[PDB]
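Below you'll find the structure, written out as structure tokens, and then a few comments.
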Amino acid sequence: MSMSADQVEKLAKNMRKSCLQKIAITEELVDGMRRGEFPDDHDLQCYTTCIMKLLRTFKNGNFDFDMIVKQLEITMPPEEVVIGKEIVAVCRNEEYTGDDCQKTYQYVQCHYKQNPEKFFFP
Ligand SMILES: CCCCNS(=O)(=O)c1ccccc1
Ligand SMILES: CCCCNS(=O)(=O)c1ccccc1
């Protein structure tokens, strides 16, 4: 089964808390991504890697697309799952370059670009 909205929010907030402290950036900077604010800020980039590593969606220098699909299946509203799979289907085929922080940040931006209105990142 899938997790309820409030359980998704709780886990996201706790992952954020952990990574914000570790990476030493502000909540404002993380919240900016949902507003389409993607500065070339290496610390924000590394925050994205911290979160994806927690979710097991990035590991050993590469995306784990099987786990990205599993995570979206367990956390998205059911009426959004197919649309989410279609976003992953597009973004998985873009080349990601640079260090791990740069790669995950680029992937997150690809997700945003496919649907800015509904974008969410912990
Ligand atoms: C908003 C609904 C989609 C959430 N998906 S998530 O991968 O960001 C995620 C968030 C929180 C816990 C686990 C995964
Ligand atoms: C798409 C939701 C499942 C994957 N979760 S994620 O945190 O890696 C993530 C990557 C990119 C955008 C949002 C969340």
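As shown in the structure tokens, the chain order sets the letters A, B, ...; within each chain, residues go from 1, and ligands are also counted from 1 in the order they appear.
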Using only C-alpha atoms and all ligand atoms, which residues of the polymer chains come no farther than 10 Å from ligand 1? I'd like the answer as a ChimeraX atom specification.
/A:3-16,51-52,54-57,67-77,80-81,84,118-122
Please identify the alpha helix (DSSP H) residues within chain A (assignment by DSSP from backbone atoms) and present them as a PyMOL selection string.
chain A and resi 5-23+27-32+42-55+65-75+81-91+100-114
Could you give me the residues within chain A that DSSP places in strand (DSSP E or B), as a PyMOL selection string?
chain A and resi 58-59+62-63
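Among the candidates A:28, A:41, A:64, A:117, the one nearest to ligand 2 when counting only C-alpha atoms and all ligand atoms is A:64.
Among the candidate residues A:19, A:79, A:100, A:49, the one lying nearest to ligand 2 is A:49, with distances computed using only C-alpha atoms and all ligand atoms.
Between atom CA of residue 97 of chain A and atom CA of residue 47 of chain A there is a distance of 16.9 Å.
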At a cut-off of 8 Å, using only C-alpha atoms, what residues contact residue 42 of chain A? Leave out same-chain residues fewer than 2 positions from it and give the result as a VMD selection string.
chain A and resid 40 44 to 46 101 to 102
Keeping only N, CA and C atoms, write the selected residues to a file as a PDB file, in the first residue's frame.
ATOM      1  N   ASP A  40      22.886  28.354  -8.622  1.00  0.00           N
ATOM      2  CA  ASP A  40      24.045  27.479  -8.765  1.00  0.00           C
ATOM      3  C   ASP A  40      24.836  27.448  -7.462  1.00  0.00           C
ATOM      4  N   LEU A  44      23.263  23.856  -1.667  1.00  0.00           N
ATOM      5  CA  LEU A  44      21.915  23.398  -1.983  1.00  0.00           C
ATOM      6  C   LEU A  44      21.973  22.141  -2.840  1.00  0.00           C
ATOM      7  N   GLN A  45      22.911  22.104  -3.784  1.00  0.00           N
ATOM      8  CA  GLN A  45      23.079  20.903  -4.592  1.00  0.00           C
ATOM      9  C   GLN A  45      23.349  19.692  -3.702  1.00  0.00           C
ATOM     10  N   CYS A  46      24.257  19.843  -2.746  1.00  0.00           N
ATOM     11  CA  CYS A  46      24.578  18.726  -1.853  1.00  0.00           C
ATOM     12  C   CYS A  46      23.437  18.354  -0.915  1.00  0.00           C
ATOM     13  N   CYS A 101      26.594  15.973  -6.263  1.00  0.00           N
ATOM     14  CA  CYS A 101      25.723  17.079  -5.880  1.00  0.00           C
ATOM     15  C   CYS A 101      25.120  17.741  -7.117  1.00  0.00           C
ATOM     16  N   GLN A 102      25.955  17.994  -8.109  1.00  0.00           N
ATOM     17  CA  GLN A 102      25.501  18.585  -9.352  1.00  0.00           C
ATOM     18  C   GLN A 102      24.527  17.663 -10.083  1.00  0.00           C
TER      19      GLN A 102
END
Measuring between only C-alpha atoms and all ligand atoms, which one of A:23, A:85, A:17, A:78 shows the shortest distance to ligand 2?
A:85
Exercise: residue 112 of chain A partners within 12 Å, only C-alpha atoms, chain neighbours under 2 positions left out, as a list in words:
residues 32, 33, 34, 35, 36, 37, 38, 84, 87, 88, 90, 91, 105, 106, 107, 108, 109, 110, 114, 115, 116, 117, 118, 119, 120 and 121 of chain A
Check the smallest atom-to-atom distance from each of A:92, A:103, A:39, A:58 to ligand 2 using only C-alpha atoms and all ligand atoms, then report the winner.
A:58
With distances taken over only C-alpha atoms and all ligand atoms, the candidate from A:43, A:82, A:27, A:98 nearest ligand 2 is A:82
